[PDB]
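Following this are structure 1 and structure 2, which are two forms of one protein chain, each written alone as structure tokens.
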Structure 1
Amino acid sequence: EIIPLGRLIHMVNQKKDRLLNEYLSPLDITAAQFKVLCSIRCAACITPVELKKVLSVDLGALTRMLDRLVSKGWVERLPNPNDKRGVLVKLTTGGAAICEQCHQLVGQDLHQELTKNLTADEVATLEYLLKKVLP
């Protein structure tokens, strides 16, 4: 069973997303919708284009999603002080709160599920070596 690193990372990622959808279920929010809120939360404000690059998802589907999240009262559109034709999406008070709830609900359990087949010893090594791939 030799499997290349690239594909293993993909598979483990997909599994993480399955579990994300599961653990986010009580808050009626998908993993895709959640990743959006987080990305917007990391930058005070961000444009749909800039958000498309960070997330690596289709612009059309993302624009529909951005409008879903506006109806939910989680995301608002400020006009860009720079562009005035593009908009800056940011989180609402409700969005920021819902996003933090999502973190509080998902965080510990997802990690605990992903790492059930591993020792805390092996967990440390895995985190360490994944860190080495990043810079």
Structure 2
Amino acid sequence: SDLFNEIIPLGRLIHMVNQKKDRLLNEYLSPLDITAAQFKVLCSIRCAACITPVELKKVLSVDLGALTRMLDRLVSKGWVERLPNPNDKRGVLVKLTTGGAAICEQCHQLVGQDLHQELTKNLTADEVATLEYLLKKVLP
């Protein structure tokens, strides 16, 4: 008797889907020497253009110290630069460098929609949309 599937039938399922997505995404991003997490953060910064670590934390749903070390790694890889914040002397601003935008465009052009297709190759557009709706309805 599987105690875990008795308590949370969804649990293993959600976990495994998330894992599949992570593995696939990493495989696709692999030839450009960037990870899925790093790429995700780069995309968020790219959305905001300019953003503070706390708001970035809000967007990614992640711990602030974790994001700090992430930003350290991103800076050392020359994808991200830290700027002073004209509105606050204790905070900083985070923005993409030229290389950041570069590798974002490289990721976009390389991966395209191949990943989205492979991940949902067993589903139809209606099934994908329904899955999306249900999933977001799970969100509090």
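Reference numbering: structure 1, starting with residue 1. Shifts are known only where both forms have a C-alpha. Rigid core (definition): largest C-alpha set, two forms, superposition within 1.5 Å.
In the core-superposed comparison between structures 1 and 2, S25 has its Cα shifted by less than 2 Å. A rotation of 26° separates the smaller rigid part from the larger between structures 1 and 2 once C-alpha atoms are superposed.
For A124, the CA shift between structures 1 and 2 after superposing the rigid core equals 7.5 Å. Taking the core as reference, the C-alpha deviation of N80 between structures 1 and 2 is 0.5 Å.
Core-based alignment between structures 1 and 2 gives a C-alpha movement of 2.2 Å at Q112. Taking the core as fixed, the parts between structures 1 and 2 where three or more residues in a row have CA shifts of 2 Å or more are 1-18, 118-135.
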